[PDB]
Each structure stands twice: as C-alpha cells, then as structure tokens.
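Student: This is the structure I want to talk about, given as structure tokens.
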Amino acid sequence: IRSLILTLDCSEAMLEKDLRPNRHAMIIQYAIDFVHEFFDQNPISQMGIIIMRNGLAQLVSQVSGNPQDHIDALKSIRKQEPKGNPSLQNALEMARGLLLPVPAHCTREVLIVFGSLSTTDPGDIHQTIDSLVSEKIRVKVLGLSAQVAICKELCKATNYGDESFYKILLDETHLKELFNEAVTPXXXXXXXXXXXXXXXXXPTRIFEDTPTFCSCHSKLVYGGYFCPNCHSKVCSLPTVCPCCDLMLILXXXXXXXXXXXXXXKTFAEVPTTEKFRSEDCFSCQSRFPXXXXXXXXXXXXXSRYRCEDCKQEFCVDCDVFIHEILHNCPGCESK
Amino acid sequence: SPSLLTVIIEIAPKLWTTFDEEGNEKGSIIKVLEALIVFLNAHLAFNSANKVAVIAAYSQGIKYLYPXXXXXXXXXXXXXXXXXXXXXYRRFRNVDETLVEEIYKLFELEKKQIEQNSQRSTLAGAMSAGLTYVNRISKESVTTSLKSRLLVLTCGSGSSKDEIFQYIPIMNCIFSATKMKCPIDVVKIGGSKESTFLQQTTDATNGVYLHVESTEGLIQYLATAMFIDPXXXXXXXXXXXXXXXXXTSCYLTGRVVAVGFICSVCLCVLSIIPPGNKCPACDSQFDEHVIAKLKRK
Amino acid sequence: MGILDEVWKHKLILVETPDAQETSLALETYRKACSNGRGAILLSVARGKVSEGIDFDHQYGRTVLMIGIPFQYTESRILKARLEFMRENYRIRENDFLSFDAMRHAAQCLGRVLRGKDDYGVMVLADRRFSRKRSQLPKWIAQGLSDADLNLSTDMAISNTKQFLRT
Amino acid sequence: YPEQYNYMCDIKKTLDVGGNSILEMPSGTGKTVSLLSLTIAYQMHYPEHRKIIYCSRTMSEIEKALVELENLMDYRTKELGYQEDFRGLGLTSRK
Ligand SMILES: [Zn+2]
Ligand SMILES: [Zn+2]
Ligand SMILES: [Zn+2]
Ligand SMILES: [Zn+2]
C-alpha cells in the first residue's frame, strides 16, 4: 500500500557529538527500530534505504517488503564512518527512480533524516522539487536543530502547499516520536481521483518438506505458501507472488485495514460527584480514587471515565490500553 | 513462577437446550462447571501464588464470575455447598462460592427479554476485557512476571453465535493478543461444527484448539489443555490440525474467495466478479481503466 | 579559510570603492546563495554605501555580526569645525559625536534584523560601550561569546518550536 | 493589529492638531501604517485637500512605497468596487 524511501544523512556533519555517542549510530539504531515498527504496522508495504555519503546518493536497500534486507543494510552502515557531504538532489532523483515503477494507486513517500545544516547538490534543487510535485511524491524531512529554507519549501510544496511536515528534532526522544509518526499513515484531503486494484491471491499453507521445494530460489524449505494462480510453492510472505504477480495476503490485510479503521473514541472524564455511580471499570475492576490531591475536596471527587456509546465506566489505564490495541470498549459489544 | 489463567465461560441458554435435547441429557452445564472447578483447583495446586480469573459472557452482557468482584461489591456468608465441607484451600472454596452465587444471579436475570436478546455473541467483550484484565493485573504485579494465557470455553449454540458482526472484533482480539504474547487456548464446546475464525485465533496466537462435539468427557479435554496452558511450551504442542484457511471471506456476497480486490484505498473485502460501480462497499468513484482491464481478463 | 571551504562556499565582500553593478551582483549572489541552501558571509561597512532595508525572508542573514561599535573618522578639520560649531550651539561637546552618530550607524544594522514578528533573528554587538547607548527593544543580556554559541544553538530550535505553538 | 493601530491614532491626532510630530516606529512593521493613515485622513476631510509628500533616503524605499501604494489602490478598489481618481506619481532618477 505504502512505499517509503528512507534517506539517511551520512556525512561528516554526522560525526559530531550531539546524540550519544554520535548522531550516526543513533540514527541507524532508531532506523532499525523504525523498520521493525513500520513492517509491524504495515505488512504489505515497501521500503527502500538510500544513504547520502561522499557527496553521492547510494542505494543500500532495494525496494522490497522483507525487513531482513533492510536490517542487514542498516547494519552495514554503522561499520563505516559517515564521510563526505549530503546530496538532497541525488537522493530525490534516485528516490524518483525507485518510486516511478510503483503503481499510481500506491502512495509514494520519501522520509529524509537530515542532520546537516547544508547540502551539496549538482543542479538546481527547485527543478527536482517541481518534478516531485508533478509526479505526486510526498516528502517528509526530519531536520536537526536549525531549520533550512529548502526543507521548508520542499515539505510545504510536496504536501498540497501545506507546511506541517518539516519536523525539527531536538533530542533522541523527539527523533523517536517522529519515527513513530512515520509508521502511521496520513489520510490527507487528497485531490479526489479514482482508486481500485484487482487480483489478490490468498495462499494455502504447505507443510510438506520430505523432498522440499522452492519456485523463487530453488532451495530447501520446511514448508511454503501456495499460489492460487500459477500454483507455485515459494517462500512465505503476504506480499506479491513472484511467479505471476499477485498478492498472497491473509488476515494481515484485515489487521492493517481495521487498524486504519479504528476511530479511537476517547472516553469522557466525568467526576464521581456528577455521575452518581460507584467507582467501577468494565474492562477490569477499579475501586481506586483518581483524584486525592487535597483533603475531602479532591478525595471525595475522583474521576470516572465514560463511554457514551454504551454509557459505561472505565479507568484511565484501560482507556489508554484500548487506545493502543484492541477494539474500543467491551461494552459496545453488549446491547 | 506464578501463572495467571483467564478462563472465559460462554453462558447461553441455547447451549443448555441443545445439550438437553440432542441425545437426551448428555450432562448439564453445572457438571461442566464442576469439572471446570476441579481443573481450577488443579491449576491452583500446580504452583504456589497462582492466580485465576473466571469471566462469564451472558447473552444480555458479560459479567465476572469471580475476579474479586463480589468482594468489591460487598466492600462498598456461604451457600451451604458440599465442596465447602470438602475443605482444603480457603481461596478455592471462596472461588466456588462466587461461582455458584453469580450463576444463581444469571438464573435471576433470565426472562423472555433475555431470550429476545439472544441474537449476538458477547465473546468479543469478554476477550477484550480479558486482555485488558491481564494487562492491568500484569502492571499491578510488576514484582515477578506472570505467565499469562487466556482460555476461551467457546459454547457454540443456536440463534446467531457466529456472524460477521463478531468476526472483526475477534480478529482485533487475536492481533492484540498476538502483541501481548498471550496464547488463546480455545475449547469449542458444542455440536459438530468448527469456526474458521477460531482456527485463526488458535493458529494466530500460537495456542491450542480442542473441538468438543456433544459432551463426552469433560476433565479429559480440561486436562489435555490444562497441562499445555501454563507451561513455557517446551514441546511442539498437539492441536487439532486441518485449520489451514484463507483467513478472508467476501462480505458483500457471502462466499469464500481465492482472489480479490482492495476496496478503493478503503481496503475492504470484495469478489473479483462484481462489476465495481463505486466500489460496492462504500461510495467512491471506481477507476474506469482498471475495470476496462478487468472485463477483458 | 575553512568557513569558505565548508559552510559558506563563497564570501561576499563590499569593495572599499563600492560599485553599483558589483553590489547588485553581490546582493543577487546573496539571494541565490541563500536560496540554494549555501549561505555567504557579507563583509560590509556601516559607513559604506547601500544601507539596505529589504528583509521579511530567510534569504537575509538570520544572524548578524557587528565588529565592535561604529566609529567616525576623527583628526579631520571638518569634525573640528562642526565640533566647535555645535559646541557653541548646544554645548554638546565631546559626547554626542561618539554616541549619536555611532548609535545611528549601529541602528542601521539593528533595523535589518527586525523584519516582522513572524520572523526571528539574532544580532551580536561587541564592546561594553554599547551599554552606554540605547537600542530598539531594550531587552539585552550581556554574556560571553562562547556561551552565546550554545545559546544561539538553542535559539535556532526554540525559534522553530514556538512558531506553531503560538499560532 | 492594535500596536500599529496606536500609531494610526497618533498619526491621526498629530495630523488634526499638531504641525509636526516626532513619531518613533518599530523597525519592519511601520511602513504600511502612515501610507493608509494619510489616505484615510485625506478622505475624512474631503477627497482632494492635502497630498502625500513622502520623502525617503534611497530609491529602494521609493520602489517599496510605490508597490505598497499599489497595494493601497488594490485594497481600496477590491473592498468597495468603485473607481476613484487614482494618485501616485513616481519621481525617480533622470537616467
Ligand atoms: Zn503466483
Ligand atoms: Zn480498568
Ligand atoms: Zn462503549
Ligand atoms: Zn470501497
């Protein structure tokens, strides 16, 4: 569904001592964690890692849905020293070369981790910006410390003229938060066009391994997925079958679809003196006063959470928990 | 190591009717609750400091069969049971008292309006409240981690206990249960019928599925699951094989499908053959080029 | 010369004998250099030509550096003639010609930093004698330069954080 | 904005009473105030009485005063839809 291109800054400016021990190692590690979370909340999505080193853009992880390739590609960067200077234009041109074969019904995202305060580009970057906006490519830049006007014009131009995507990071925790923000999709207002895709297989799991089989690598396996079209037994991933080009999805597509469908209804905070109901939680059992800062003014007040779709009481930890995972409110299942 | 056991009981009068009609009386639900009581005492005697949690799911709503709920209601007495005279473990006999008292309350709640409210399945709320329960008590018992696993005694009866209105929240409960790393051991008490979404539950949460047709032996299945549940899984486990399904189903038509379409960045489920006029699941302009390529293939 | 070789790419110097086309090419070179993500140091004189006044953009110097305080060329017969003339007029001898003129020349550099409340900036004034004169928006803190490096390093992020928070 | 509005009131009362005023404007936010205050002050009396004699020190400020004066013309012609006798004569260098 999504096609994100992770462009990490790997130049001499990354050798400075801001993060611990340096910016490069923390960006690599947090990039590995970003690969984990991204492939955990986006199963049938694509990733591609490019680095900006030695004044050039170097593709280190081809566009694929297997996280292990990105993990190894990120492990190879921390064993070398980030030298040279960053090149935004070359990275955006190569990102274009990786996002052009992507179908129009799939989003094209480019996430740039920019630590330096200056880039080294051959040609005019504004023409590359015009090319990015023309072919519809959403660009998000996580810059370090001071702002760059080119990043403002790029993030604003690549998002329907709206500026709210050039995120400034000031610490490791902030960078973690931005990473987390790139996991979640962005249902923007769009420009109203047509959408649909067709042909998505569902596999049958083969447990046989006495003679083994493989139609994508011709190697030994312990069992493999079955294509309902070309009838090939390949390595197991819910992505595209490489023998006739169609998906092999299962309950994962339903999972991410329902995750994108979650309304996440925050329960209204109503004091016990206003609800006139005993302290109760419907997901567990709560006899704990929430408020008690003062004497009888706060202890006898407390806070009861309310789901209005069923008029039920809950405590805060369960509102947070059902906001993180699970469908909202067990009381909405009983009528 | 202390192990937590969240056993969910599907209380439905239709299950009582099916078990008291097909083949005379094959044993009422009270006997299954007594063998379940023996299983609970076995789990309590498995290791010290082991906690239990019995949750009920009545047709009119779910209600905790124990989790210190009656004690919390009385904080804001015996039923003259023979198991109380059996002595041994005061906590166990108190759990039995809470069970029989809550069951008697379920008897007091039953009427014709409850029969009119018997068209859904209150299992999603019990599974969500169960995962939230083990998470709340897991955070409260931070000292020495707990071996948390949830057993679902799915009572498949008549009316409409399995429908498309409950498949989505169950899938949310098995994805969230997968994130919680707590296996869901499903025991399908009922007739000779199997639900594909329950096979997705046991195969998705790395649990076990015990299909129980009619009644047969109780502590048989209760024991075969009982030795599996609290262990750290040193074996390869022995569930009921043949649970390989496509994990998807067309909602607009009602048939299991091999290939399909994405709705239209709506990402729903639909069949190949339907025309597609404004992605038939929601109103949004269908791509004329893609349908032009579809009608040819 | 590492500043020209690493961060500035090129330096902009106003000739002691200013030229119209040279200054125009230096200003256009400044706008294009700042519009390419490069930047350039503009070594100019407050007493020289072109006092500027066009800002309201990030193309202008976000940080402005002042070498001490402005000074007027003394040891001239004109400064002594007007010195004794104004001495006979308003009796402001040896006091206003080294603070009023320098105050105006420094204010010509202070006016380039201010360009609306939506924009930000920082102007570093050297010498303690600046405390003897007033300034636009009299809110100034006196500290070292090495500390001002980290202080500005934090201001370059606070100025970028408070924008969407105050909007 | 209220801060510039105070300078508008000061320009008004000094144009209606005083013969000369020393007004200190904040840098970067005081160029567009007097340009409209003078025009409105001319319209409240009668349309053609006193005229703007703006004096700058450079030509860039003259061009800025011209384009901002055009912003005044568009501003007064886009809010009322009525065309009036336009002003604005640019006296620049002879070359
Ligand atoms: Zn295939
Ligand atoms: Zn709770
Ligand atoms: Zn609710
Ligand atoms: Zn749709």
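Chains: A, B, ... in order of the structure tokens. Residues: from 1 per chain. Ligands: from 1, in order shown.
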Mind listing the residues within 12 Å of ligand 3, only C-alpha atoms and all ligand atoms counted, as a VMD selection string?

Tutor: (chain A and resid 264 to 268 281 to 283 305 to 314 319 322 327 to 335) or (chain B and resid 125)

Student: Restricting it to N, CA and C atoms, dump the selection as a CSV table (one decimal), in the first residue's frame.

Tutor:
chain,number,residue,atom,x,y,z
A,264,UNK,N,-10.9,5.3,17.6
A,264,UNK,CA,-10.2,5.6,18.9
A,264,UNK,C,-11.0,6.7,19.6
A,265,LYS,N,-12.2,6.3,20.1
A,265,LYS,CA,-13.1,7.2,20.8
A,265,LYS,C,-12.6,7.4,22.2
A,266,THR,N,-12.1,8.6,22.5
A,266,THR,CA,-11.6,8.9,23.9
A,266,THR,C,-12.8,9.1,24.8
A,267,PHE,N,-12.8,8.4,26.0
A,267,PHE,CA,-13.9,8.4,26.9
A,267,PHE,C,-13.9,9.7,27.7
A,268,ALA,N,-15.1,10.2,27.9
A,268,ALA,CA,-15.3,11.5,28.6
A,268,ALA,C,-15.0,11.3,30.1
A,281,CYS,N,-14.8,-0.1,36.8
A,281,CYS,CA,-14.2,-0.3,35.5
A,281,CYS,C,-14.8,-1.6,34.9
A,282,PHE,N,-15.2,-1.5,33.6
A,282,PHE,CA,-15.8,-2.6,32.9
A,282,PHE,C,-14.8,-3.6,32.3
A,283,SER,N,-13.6,-3.1,32.0
A,283,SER,CA,-12.5,-4.0,31.5
A,283,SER,C,-11.8,-4.7,32.6
A,305,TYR,N,-14.3,7.5,34.0
A,305,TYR,CA,-14.3,7.6,32.6
A,305,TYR,C,-15.6,7.0,32.0
A,306,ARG,N,-16.1,7.6,30.9
A,306,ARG,CA,-17.4,7.3,30.4
A,306,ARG,C,-17.3,7.0,28.9
A,307,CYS,N,-17.7,5.8,28.5
A,307,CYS,CA,-18.1,5.6,27.1
A,307,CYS,C,-19.5,5.8,26.9
A,308,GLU,N,-19.8,6.8,26.0
A,308,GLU,CA,-21.2,7.3,25.8
A,308,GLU,C,-21.9,6.4,24.8
A,309,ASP,N,-21.2,5.6,24.0
A,309,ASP,CA,-21.9,4.6,23.1
A,309,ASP,C,-22.5,3.5,23.8
A,310,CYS,N,-22.4,3.4,25.1
A,310,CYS,CA,-23.0,2.3,25.9
A,310,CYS,C,-23.2,2.8,27.3
A,311,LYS,N,-22.8,4.0,27.6
A,311,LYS,CA,-22.9,4.6,29.0
A,311,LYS,C,-22.2,3.7,30.0
A,312,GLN,N,-20.9,3.5,29.9
A,312,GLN,CA,-20.2,2.6,30.8
A,312,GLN,C,-19.0,3.3,31.4
A,313,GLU,N,-18.5,2.8,32.5
A,313,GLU,CA,-17.5,3.4,33.3
A,313,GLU,C,-16.2,2.7,33.1
A,314,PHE,N,-15.1,3.4,33.0
A,314,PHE,CA,-13.7,2.8,32.8
A,314,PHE,C,-12.7,3.7,33.6
A,319,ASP,N,-8.6,3.0,29.2
A,319,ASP,CA,-8.8,3.8,28.0
A,319,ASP,C,-7.5,3.9,27.2
A,322,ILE,N,-7.0,0.3,25.5
A,322,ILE,CA,-7.9,0.1,24.3
A,322,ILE,C,-7.6,1.1,23.2
A,327,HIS,N,-10.1,-3.5,20.0
A,327,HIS,CA,-11.2,-2.6,19.6
A,327,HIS,C,-11.8,-1.9,20.8
A,328,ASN,N,-12.3,-0.6,20.6
A,328,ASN,CA,-12.6,0.2,21.7
A,328,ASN,C,-13.9,-0.3,22.4
A,329,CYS,N,-13.7,-0.4,23.7
A,329,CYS,CA,-14.8,-0.6,24.7
A,329,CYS,C,-15.5,-2.0,24.5
A,330,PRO,N,-15.4,-2.8,25.6
A,330,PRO,CA,-16.1,-4.1,25.6
A,330,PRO,C,-17.6,-3.9,25.7
A,331,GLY,N,-18.1,-2.8,26.3
A,331,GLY,CA,-19.5,-2.5,26.5
A,331,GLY,C,-20.2,-2.3,25.2
A,332,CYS,N,-19.5,-1.9,24.1
A,332,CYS,CA,-20.1,-1.7,22.8
A,332,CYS,C,-20.4,-3.0,22.1
A,333,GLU,N,-20.0,-4.2,22.7
A,333,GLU,CA,-20.4,-5.5,22.1
A,333,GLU,C,-21.7,-6.0,22.8
A,334,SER,N,-22.1,-5.5,23.9
A,334,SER,CA,-23.3,-5.9,24.5
A,334,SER,C,-24.4,-4.8,24.3
A,335,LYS,N,-25.5,-5.3,23.8
A,335,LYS,CA,-26.6,-4.3,23.5
A,335,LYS,C,-27.7,-4.3,24.7
B,125,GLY,N,-16.4,-8.8,23.8
B,125,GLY,CA,-16.2,-8.0,25.1
B,125,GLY,C,-15.5,-8.8,26.2

Student: What's around residue B:171 at 8 Å? Count only C-alpha atoms, leave out sequence neighbours fewer than 2 positions away in its own chain, and write the answer as a PDB file with N, CA and C atoms, in the first residue's frame.

Tutor:
ATOM      1  N   UNK A 255      -6.018  -7.056   9.306  1.00  0.00           N
ATOM      2  CA  UNK A 255      -5.458  -6.436  10.502  1.00  0.00           C
ATOM      3  C   UNK A 255      -5.153  -4.961  10.263  1.00  0.00           C
TER       4      UNK A 255
ATOM      5  N   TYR B 167     -16.800 -11.201  13.883  1.00  0.00           N
ATOM      6  CA  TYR B 167     -15.533 -11.697  13.357  1.00  0.00           C
ATOM      7  C   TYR B 167     -14.444 -10.634  13.425  1.00  0.00           C
ATOM      8  N   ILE B 168     -14.798  -9.375  13.188  1.00  0.00           N
ATOM      9  CA  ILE B 168     -13.827  -8.280  13.183  1.00  0.00           C
ATOM     10  C   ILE B 168     -13.280  -8.047  14.590  1.00  0.00           C
ATOM     11  N   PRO B 169     -14.116  -7.879  15.627  1.00  0.00           N
ATOM     12  CA  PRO B 169     -13.545  -7.667  16.970  1.00  0.00           C
ATOM     13  C   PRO B 169     -12.739  -8.849  17.474  1.00  0.00           C
ATOM     14  N   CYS B 173      -8.935  -8.881  18.684  1.00  0.00           N
ATOM     15  CA  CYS B 173      -8.503  -9.505  19.929  1.00  0.00           C
ATOM     16  C   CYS B 173      -7.378 -10.509  19.730  1.00  0.00           C
ATOM     17  N   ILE B 174      -7.249 -11.095  18.538  1.00  0.00           N
ATOM     18  CA  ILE B 174      -6.139 -12.004  18.284  1.00  0.00           C
ATOM     19  C   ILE B 174      -4.911 -11.283  17.741  1.00  0.00           C
ATOM     20  N   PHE B 175      -5.083 -10.121  17.104  1.00  0.00           N
ATOM     21  CA  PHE B 175      -3.924  -9.297  16.780  1.00  0.00           C
ATOM     22  C   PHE B 175      -3.361  -8.651  18.039  1.00  0.00           C
ATOM     23  N   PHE B 197     -12.667 -18.688  12.047  1.00  0.00           N
ATOM     24  CA  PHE B 197     -12.051 -17.583  12.773  1.00  0.00           C
ATOM     25  C   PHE B 197     -11.487 -18.035  14.114  1.00  0.00           C
ATOM     26  N   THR B 201      -7.801 -17.887  15.391  1.00  0.00           N
ATOM     27  CA  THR B 201      -7.446 -17.453  16.737  1.00  0.00           C
ATOM     28  C   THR B 201      -6.342 -18.327  17.323  1.00  0.00           C
TER      29      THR B 201
END

Student: Show me which residues sit within 10 Å of ligand 2 when counting only C-alpha atoms and all ligand atoms, and put them as a PyMOL selection string.

Tutor: (chain A and resi 280-288+305+313-321) or (chain B and resi 129+132-133+135-137)

Student: Neighbours of ligand 1 at 6 Å or closer, counting only C-alpha atoms and all ligand atoms: which residues, as a short mmCIF file (atom, residue, chain, number, x, y, z; two decimals) with N, CA, C and O atoms, in the first residue's frame?

Tutor:
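Okay, selection.cif is ready:
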data_model
loop_
_atom_site.label_atom_id
_atom_site.label_comp_id
_atom_site.auth_asym_id
_atom_site.auth_seq_id
_atom_site.Cartn_x
_atom_site.Cartn_y
_atom_site.Cartn_z
N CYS A 227 0.46 -20.56 -4.39
CA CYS A 227 -0.19 -19.50 -5.13
C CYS A 227 -1.45 -20.08 -5.71
O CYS A 227 -1.37 -21.14 -6.32
N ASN A 229 -2.95 -19.16 -8.30
CA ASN A 229 -2.99 -18.88 -9.73
C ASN A 229 -1.94 -19.69 -10.47
O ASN A 229 -2.27 -20.64 -11.18
N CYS A 230 -0.65 -19.35 -10.32
CA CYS A 230 0.39 -20.09 -11.02
C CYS A 230 0.71 -21.40 -10.32
O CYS A 230 1.50 -22.20 -10.84
N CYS A 241 3.27 -12.59 -5.25
CA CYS A 241 3.84 -13.83 -5.75
C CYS A 241 4.75 -13.53 -6.93
O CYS A 241 4.29 -12.96 -7.93
N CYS A 243 5.83 -15.25 -9.27
CA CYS A 243 5.68 -16.18 -10.37
C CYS A 243 4.52 -15.84 -11.29
O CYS A 243 4.40 -16.44 -12.37
N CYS A 244 3.65 -14.91 -10.91
CA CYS A 244 2.56 -14.46 -11.77
C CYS A 244 2.07 -13.09 -11.32
O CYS A 244 1.08 -12.57 -11.86
N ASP A 245 2.74 -12.50 -10.33
CA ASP A 245 2.49 -11.14 -9.87
C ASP A 245 1.07 -10.96 -9.34
O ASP A 245 0.23 -10.33 -9.99
#

Student: Could you please extract the residues within 6 Å of ligand 4, counting only C-alpha atoms and all ligand atoms, and hand them back as a PyMOL selection string?

Tutor: chain B and resi 263-264+266+279+281-282

Student: If we count only C-alpha atoms and set the cut-off at 12 Å, which residues sit around residue D:86, ignoring sequence neighbours fewer than 2 positions away in its own chain? Please answer as a list in words.

Tutor: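 Result of the neighbour search: residues 39, 47, 48, 69, 70, 72, 73, 74, 76, 77, 82, 83, 84, 88 and 89 of chain D.
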
Student: When you look at residue C:41 with a cut-off of 7 Å (counting only C-alpha atoms), what residues show up, excluding the ones that are within fewer than 4 positions of it in the same chain? I need them as a PDB file with C-alpha atoms, in the first residue's frame.

Tutor:
ATOM      1  CA  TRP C   8      29.826  29.333   3.113  1.00  0.00           C
ATOM      2  CA  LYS C  11      32.346  35.013   0.727  1.00  0.00           C
ATOM      3  CA  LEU C  12      30.729  38.347  -0.139  1.00  0.00           C
TER       4      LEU C  12
END

Student: Enumerate as a PyMOL selection string all residues of stretch 72-143 of chain A assigned to alpha helix (DSSP H) by DSSP on the backbone, naming them with the chain letters and numbers the document uses.

Tutor: chain A and resi 72-77+88-99+125-134

Student: With only C-alpha atoms considered, list every residue of chain A at most 6 Å from chain B, as a PyMOL selection string.

Tutor: chain A and resi 194-202+250-251+283-284+325-326+330+333-334

Student: Return the single residue from D:53, D:36, D:62, D:91 that is closest to chain C, with distances computed using only C-alpha atoms.

Tutor: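 Comparing D:53, D:36, D:62, D:91 against chain C, the winner is D:62.
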
Student: When you look at residue D:38 with a cut-off of 12 Å (counting only C-alpha atoms), what residues show up, excluding the ones that are within fewer than 2 positions of it in the same chain? I need them as JSON, numbers by chain.

Tutor: {"D": [7, 8, 9, 10, 11, 12, 13, 14, 15, 16, 32, 33, 34, 35, 36, 40, 41, 42, 43, 44, 45, 47, 48, 49, 50, 51, 52, 53, 54, 69, 72]}

Student: Could you check the closest approach to residue C:117 for each of D:60, D:80, D:23, D:1 and tell me which residue wins, using only C-alpha atoms?

Tutor: D:1
